[PDB]
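Asker: Sharing a structure below in structure tokens format, with a few things to ask.
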Amino acid sequence: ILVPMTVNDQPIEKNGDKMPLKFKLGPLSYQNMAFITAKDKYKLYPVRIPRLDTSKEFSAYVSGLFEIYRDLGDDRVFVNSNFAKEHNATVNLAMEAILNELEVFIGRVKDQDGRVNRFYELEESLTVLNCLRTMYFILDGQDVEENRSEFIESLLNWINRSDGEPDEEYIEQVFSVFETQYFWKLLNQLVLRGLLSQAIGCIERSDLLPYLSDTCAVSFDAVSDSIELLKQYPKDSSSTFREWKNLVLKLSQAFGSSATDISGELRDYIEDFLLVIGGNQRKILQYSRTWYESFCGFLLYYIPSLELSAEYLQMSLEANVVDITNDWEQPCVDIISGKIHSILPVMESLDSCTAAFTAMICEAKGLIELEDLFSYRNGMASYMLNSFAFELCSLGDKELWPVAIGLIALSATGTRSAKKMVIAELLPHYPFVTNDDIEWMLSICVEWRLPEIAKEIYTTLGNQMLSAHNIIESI
Amino acid sequence: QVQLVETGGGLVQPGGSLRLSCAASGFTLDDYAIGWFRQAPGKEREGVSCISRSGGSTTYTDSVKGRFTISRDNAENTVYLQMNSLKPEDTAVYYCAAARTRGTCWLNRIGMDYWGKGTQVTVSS
Amino acid sequence: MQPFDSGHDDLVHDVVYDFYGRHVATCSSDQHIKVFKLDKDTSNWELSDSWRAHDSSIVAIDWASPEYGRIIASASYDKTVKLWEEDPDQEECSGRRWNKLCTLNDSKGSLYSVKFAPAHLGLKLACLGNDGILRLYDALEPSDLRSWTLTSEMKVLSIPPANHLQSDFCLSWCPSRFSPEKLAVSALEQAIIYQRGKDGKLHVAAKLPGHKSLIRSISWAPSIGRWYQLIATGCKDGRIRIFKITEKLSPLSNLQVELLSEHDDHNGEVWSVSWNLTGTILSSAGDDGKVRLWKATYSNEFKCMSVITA
């Protein structure tokens, strides 16, 4: 990552005569200093720590995530066939809770913002979290028939929000210049996305219904029966689905062996549509612009069970390779295909808080695969957590220091004395500024048996830092 | 009695373009071997392009990859071969090849004996 | 967070943050000392007081722990170390805000570095200069900020060559609170660590081999929550060198010296090396006009996470 310290006054212009540049990290995150020990270079440069979040919405998001973490209490790691759901069911409830929390964060960011790149990173993290919850946070390792209503509702969500290919700019390109092939590509792209209402609506928009009445009726009836069929699509039960796909296959067979009173290309645009709905693997893969459109189709219309996922993704990856433009595609691709180790780094490139708590709830679900605190444990979740805690300690936001101290006190790694050492070394740097806040410091000193730091902090409070004011009121 | 008619051939200059078209009967589901082959004068017939899956993928030969483009109309017995950046190495008689129905069956009676009648594609130097 | 002129006519040597990071101290060769305050309401560094009291070029400066009050030490080429306590009963920018507490003149050569000891050892400071003799001073009574007695003197270098303008020294205490008293010394091509013995005296405990040129700056990074110690040295050969320290096999030379990292990404002299408050981030700067940040990996390797500016 290459960032300019100042996009205004660059102190070095030429390559020759290199100047001794000096830099010092400040006790506060967003206030570090740089300078130059050279003639005619007497400017001080405040360079805030790169890629950071100082907004109040971020602090409320971290407060909410730490509440859910403390709310989740004692869960670490537990296939198996014994006892009950325990953490499993509870873990999912917690997963959809943090997903709601991340969405509220993204909403408050889109409202008050100056840079939108943070909004882009958060939405990429939300897309990966949607994929993760769809893949391992609904069925609890089982199949789709167990709980079809929830699974699809999440899948149709994860696809819909993920990309932005279905948009007003794209449709108008094809809506402005039925006969054209592109129309059917977009219709099948809508179908592969479960965007039923959009597809049906475009129908009215589409040239065909009156014209079908004008031409072969039968086909027109048929197309109307297929429009009706998509309105009556069942999401609640797999048994209802079984009849549904049976009906679509009977309709596709009946039309394939029927009268051809239309154009060859129109006959050749209706059979596809019927067979994409039927779930034939070729043309789900044909009219797919990306791989997740393919994967969404195979889950939707061929077989709705989780098992053939390994196959589906492979076939989809044989149609449209992983788009490296964004940072969520390969993660989701890896997430679907078992491997989860690779995605934790990429999400840490997006947001450290989201990535840390993601690794936390993943360990909580299990999903796995010399005695420092900053050292790897089972799944390096303590790393993600304790490092995010250490990162927060420098942020200078006193509303988040309780989060950091709590997150360290809740680490499964490290002795009681290891956390005692950490608190003893970290607590003096706490930005106490109000007279009622020091009760928190003294209570923690009592809680972790550090009375020496308690009295050493009251000495600094002594005389308000040696009579550093006049009135020196409570506020 | 089904047929395989093809058109679009002709005589063009090096670096020019041509568009080959072909039609057929049955074209029933997948398991296809349907595609363009070519035969140079005196040489043996080599495969140019072929639609393996129904839009899932394509099989090109290594002398036309990046220049030729094959497309098929969905679930239909037609093919188009767009020949861009034609060179004197593409001078041949091109043939449309296919399969009447699509079942694993047994390896006997490949379609019908009449394939494509041929269209002459020659690119000068 | 836009640049601003310091107000110095000559070269600025060192800039040090206070304990809370809301104030900044500065010293320059025009003999000047400056102190700036960052207002809580807006991010705009503003001058508090800067009318020096020195005669030669000032090189080093540091803040004392706030449990001792507002205290600033200053070392200059005038072979002296001056101590200053802020008088809050004076208007800012008046030349009246800071009063000289004491002046240590025991050094017979020009001084280069001074750093306050950690808060858990009393008002204690170290200074080093051309005399090649490190001096530890202490304020035995925290009530009398002028009773600054000399605690210790150590001859680090026996032969300081006079006819050489190629000299450099810095000092860095170990910020760890639960570790034996110790301090690193940056003199010339050598880098040695002094540790407090049972006899109340200092002793050469370890060295940092591998430095093949002048050491421009060192910084004992206070790892918070670790059993080892980390110290980074900016060397003139163009290699940031991060060393790991961990004593082993102690029945009662014990100190260990690992060389965790060597980095030559600057391609030139490394002038500045600073650590985070949590020992999580290491900063370095050199001749390329760029500042690089480093974090530790899972295998205790340091990896460059960001490079800034030209």
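Residue numbers start at 1 in each chain; chains themselves are named A, B, ... in the order of the structure tokens; ligands are numbered from 1 in the order shown.
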Using only C-alpha atoms, which chain A residues lie at most 9 Å away from chain B, written as a PyMOL selection string?
Answerer: chain A and resi 264-265+268-269+271-272+281-287+315-316+318-319
Asker: Could those residues be written to a file, using C-alpha atoms, as a PDB file, in the first residue's frame?
Answerer:
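Contents of the output file again39.pdb:
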```pdb
ATOM      1  CA  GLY A 264     -37.145 -20.368 -35.640  1.00  0.00           C
ATOM      2  CA  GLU A 265     -35.308 -18.043 -33.259  1.00  0.00           C
ATOM      3  CA  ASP A 268     -35.358 -21.176 -30.163  1.00  0.00           C
ATOM      4  CA  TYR A 269     -35.740 -18.681 -27.365  1.00  0.00           C
ATOM      5  CA  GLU A 271     -37.261 -23.852 -25.414  1.00  0.00           C
ATOM      6  CA  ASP A 272     -34.178 -22.479 -23.609  1.00  0.00           C
ATOM      7  CA  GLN A 281     -27.233 -28.006 -16.632  1.00  0.00           C
ATOM      8  CA  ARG A 282     -26.090 -26.791 -20.057  1.00  0.00           C
ATOM      9  CA  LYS A 283     -28.211 -23.650 -20.317  1.00  0.00           C
ATOM     10  CA  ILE A 284     -28.132 -22.748 -16.662  1.00  0.00           C
ATOM     11  CA  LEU A 285     -24.417 -22.626 -17.461  1.00  0.00           C
ATOM     12  CA  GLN A 286     -25.077 -21.016 -20.873  1.00  0.00           C
ATOM     13  CA  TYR A 287     -26.996 -17.887 -19.839  1.00  0.00           C
ATOM     14  CA  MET A 315     -19.028 -26.561 -13.299  1.00  0.00           C
ATOM     15  CA  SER A 316     -19.673 -22.870 -12.614  1.00  0.00           C
ATOM     16  CA  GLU A 318     -15.633 -24.002 -15.755  1.00  0.00           C
ATOM     17  CA  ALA A 319     -18.023 -21.411 -17.248  1.00  0.00           C
TER      18      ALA A 319
END
```
Asker: Please identify all residues of chain A having at least one atom at most 6 Å from any atom of chain C, considering only C-alpha atoms, and return them as a PyMOL selection string.
Answerer: chain A and resi 1-5+12+18-22+24-28+37-39+42-46+372+422+460+465-466+468
Asker: Taking 4 positions as the minimum chain separation for residues in the same chain, which residues sit within 12 Å of residue 326 in chain A when counting only C-alpha atoms? Answer as a list in words.
Answerer: residues 120, 121, 123, 124, 125, 127, 128, 162, 163, 164, 322, 330, 331, 332, 346, 347 and 350 of chain A
Asker: Find the spatial neighbours of residue 172 in chain C, counting only C-alpha atoms, within a cut-off of 6 Å - ignore same-chain residues fewer than 5 positions away - and output them as a list in words.
Answerer: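 Those residues are residues 183, 184, 219 and 220 of chain C.
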Asker: Between C:162, C:252, C:58, C:171, which residue has the minimum interatomic distance to residue 136 in chain C, considering only C-alpha atoms?
Answerer: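 Comparing C:162, C:252, C:58, C:171 against residue 136 in chain C, the winner is C:171.
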